[PDB]
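As structure tokens, one chain now follows by itself in the form deposited in one PDB entry.
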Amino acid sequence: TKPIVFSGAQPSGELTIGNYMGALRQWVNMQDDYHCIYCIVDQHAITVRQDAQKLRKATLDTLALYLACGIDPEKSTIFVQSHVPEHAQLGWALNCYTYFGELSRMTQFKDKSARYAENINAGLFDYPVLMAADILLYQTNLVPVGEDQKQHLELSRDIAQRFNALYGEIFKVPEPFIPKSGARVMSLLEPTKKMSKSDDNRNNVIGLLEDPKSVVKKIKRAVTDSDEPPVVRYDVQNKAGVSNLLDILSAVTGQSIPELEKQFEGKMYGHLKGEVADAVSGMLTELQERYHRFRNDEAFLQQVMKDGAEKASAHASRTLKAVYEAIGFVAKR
């Protein structure tokens, strides 16, 4: 059997080009090479307060977006996290093998606590343990994610190793698959801050479902630097905005930064931004064209969810059975 790939994305906000480059791009390319399982993590989404209609709609939007990107339900298992109870079950169990200090030290918890001070909830704190349960359920070998998830992934490995050391070979110890370029796409008006699907300032973000024209305007307005003459060179410290543009272009086209630097020799930021806008306006038009075909077909979306949850539960129940046996629960018969 093939090694197993697992990853997920929250149905909250509107997925950005950041989410595509750091994760979904890789998800599509891994489908034949590995046994791939992709999840819409609605249980993680509710750690941030959403309107009920928006949550339901965003779950289906996200599903249709996976499909529009090229995630093929004939190759990959595609499911909604809440449809498989084993995530919640293993998540509770793994709380007992996770230290408080490991969760309080998390960057994401700290960033999210500052952003949502009126709702610093227990789910936001316990976030990484459920995420570990998501991965560990499927005997996952590889986890394609953006750089912002490295810390969460490190904890999952620690939990797997710690549990295995007491009980035997129950889990696989997963490995991150973070891409060389586009692992952490930055904000267009604030290139020192990660591009967030929940920025109020829309201008920071390139939406996967935002109007391309509005997106082309966003690239042209992206902040660069005061260098005289302007030079297209990679330097995240002194040229954050230009570097982010080079990183985006590299990730979309598959060309290296040193290659792109040679390509823009004697050129300035107008050329860079023309070429970035071109490459991105292109992906989105195509992507949004596949999207509606999927998104307006409720019977097909219902079928993908049904089939995917079936496949997922078969794997997850198998692992949870072994976990429950090992910790000492009386088996349900």
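Take the two forms, find the largest set of C-alpha atoms that superpose within 1.5 Å, and that set is the rigid core. Start at 1 and count along the sequence shown; that's the residue number.
The form deposited in another entry is left out here; the points below concern that form.
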Just one of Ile78, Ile159, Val205, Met131 has a CA that shifts 2 Å or more between the shown form and the other one on a core fit; which is it? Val205
Using the rigid core as the reference frame, would you say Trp92 shifts its C-alpha by 2 Å or more between the shown form and the other one? no
Under a superposition restricted to the rigid core, does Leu142 display a Cα displacement of 2 angstroms or more between the shown form and the other one? no
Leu15: CA shift of at least 2 Å between the shown form and the other one after core fit? yes
Distance direction in that other deposited form for the C-alpha atoms of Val129 and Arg184, relative to the displayed form (3 angstroms or more): farther
What happens to the Cα distance from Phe79 to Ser181 in that other deposited form: does it get closer or farther than here, with a change of 3 angstroms or more? closer
